[PDB]
């Protein structure tokens, strides 16, 4: 009862704050308008010249994709921040504790939600109006071609669990409310909120996925998988900042990756 309403509150905060939902994504990816496919240089250009679509000064094809990728991340961080403010008691934390949770949590949540817009062949872009192929991303020059590929591997496995948006709302909330983030001041308070979230998640999963047996423990493992995925992503990003000294890294991403792990 308490948990059912708590889950509903989180769900509505999710629907309120995220422009792209899995319901919308799967509808686009299954055909019910069709996205413009971006599979090489020429189609990427066509996607820029109206159709589908501010950025740093143009450098090259691979850096351009890198820049558009960052812009989308920054926008999703804005959404996750507003979503977190609706998680009961998150706003009661001191401001720097809120930032600490978002700093170490947003990319874990981003990569979880990324699975919603992905299939084995590519992912939606531009609010679902475009589709960039996995192959085209593989064809970019290193190191940029190695950024997104490992996320496809996680996403395909994650999509096998067949979560819906109501499940994901609680899942993302549990990711953000994480008591072991470095520098967190009020660990007991954050652990207490997370426990409420996780209890609501188990209650919600058995009501929404009755025939799903080990779904809750599987999602706990997914949370651990996302932390290592992000650790390896932070390494790549920290490397690229050192290697690609002429490519711009958005200030928000610089701050997120600042001595992270």
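Definition used throughout: the rigid core is the maximal C-alpha set that superposes within 1.5 Å between two forms. Positions refer to the first chain, counted from 1.
- When the other structures are laid on the shown form by the rigid core, the stretch among 104 to 112 and 88 to 96 with the greater C-alpha deviation in 7 other deposited structures of this protein turns out to be 88 to 96.
- Annotation: of the segments 232 to 240 and 56 to 64, 56 to 64 departs further from this form in 7 other deposited structures of this protein (C-alpha atoms, root mean square over structures and residues, core superposition).
- Note: missing coordinates for residue 70 occur in none of the other compared entries bracketing this position, so the one-third threshold is not reached.
- Looking at the other PDB entries for this protein, residue 208 is present in the model in all of those that include the residues around it, rather than absent from a third.
- Unmodelled residues of the deposited sequence between neighbouring positions residue 53 and residue 54 number 4 to 9.
- Stretches 174 to 182 and 139 to 147 differ in mean CA B factor, with 139 to 147 having the higher one.
- On average the C-alpha atoms of 152 to 160 have higher B-factors than those of the other stretch, with 152 to 160 and 105 to 113 being the two compared.
- When the C-alpha B factors of 69, 200, 193, 207 are read from the deposited coordinates, the top value falls at 207.
- Annotation for residue 227: CA B-factor lies in the lowest third of the chain's modelled residues.
- In the deposited entry, the Cα temperature factor of residue 127 places it in the highest third of its chain's modelled residues.
- Sort the chain's modelled residues by C-alpha temperature factor and residue 241 lands in the highest third, per the entry.
- When the modelled residues of the chain are ordered by their C-alpha B factor, residue 212 lands in the highest third.
- Looking at the C-alpha B-factors along this chain, the one for residue 17 belongs to the lowest third.
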